[PDB]
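Just so you know, all these numbers are worked out from the coordinates, no wet-lab data involved. Note: ideal-geometry Cβ built from the backbone for every residue, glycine included; neighbour counts use all protein chains shown.
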């Protein structure tokens with residue numbers, strides 16, 4: 001399909017970034033070629049964490065999310081650092097109402113359908129120019145990725161519903 005406008009944005013531990021890029025960038029270029037995605041790495045304004053942006057199709061983003069998670073787990077095990085590495089997703093505060101639903105029922109439903117635990121950063125931790133919440137997903141890799149697919153479906157729909165009026169008028 002067409003690459004979509006809203007990227008998947010992950011927050012990963014800085015110490016695993018070198019592993020994701022790999023020698024002479026061959027790991028990231030491999031992920032890019034297998035998933036047909038544009039990937040970049042940058043700071044998140046609000047030290048031990050870095051932002052990863054994946055611009056792909058929905059399926060390309062989900063596949064890159066799984067490859068990235070597998071590398072981080074490989075690297076956490078291989079350095080005896082951790083046996084789990086939670087998946088952290090960045091989503092604009094405007095979209096997270098829809099994902100959460102009334103009294104968090106939509107989020108419990110994703111947690112139950114995917115066999116994951118999900119927690120969302122506090123509203124009070126946003127900044128004037130950083131409107132992104134962090135959604136922490138814990139569980140097996142395959143399960144975190146199913147939750148990624150569900151969350152990012154909801155975020156993309158909320159984005160397309162919010163901008164539909166202003167796209168028509170032009």
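Per the Kirkwood formula on distinct C-alpha pairs, the Rh of the chain is how many angstrom? Intermediate results must be reported in sequence, preceding the final value.
Details: mean 1/r = 0.0600 Å⁻¹.
Final number for the Kirkwood radius of the chain is 16.7 Å.
For a modelled paramagnetic label at residue 79, 7 Å from Cα along Cα-to-Cβ, the residues of region 4-21 in reach, with backbone nitrogen under 15 Å, are 12-21.
If each residue's Cβ is checked for other Cβ atoms within 10 Å, how do 29, 43 rank with the fewest at the top?
Working: 29 13, 43 9.
Ranked by crowding around the Cβ, least crowded first: 43, 29.
Taking other Cβ within 10 Å of each residue's Cβ, how do 3, 67 sort, fewest first? Display every interim value, and only then the final one.
Working: 3 14, 67 21.
Listed from fewest to most nearby Cβ atoms, that is 3, 67.
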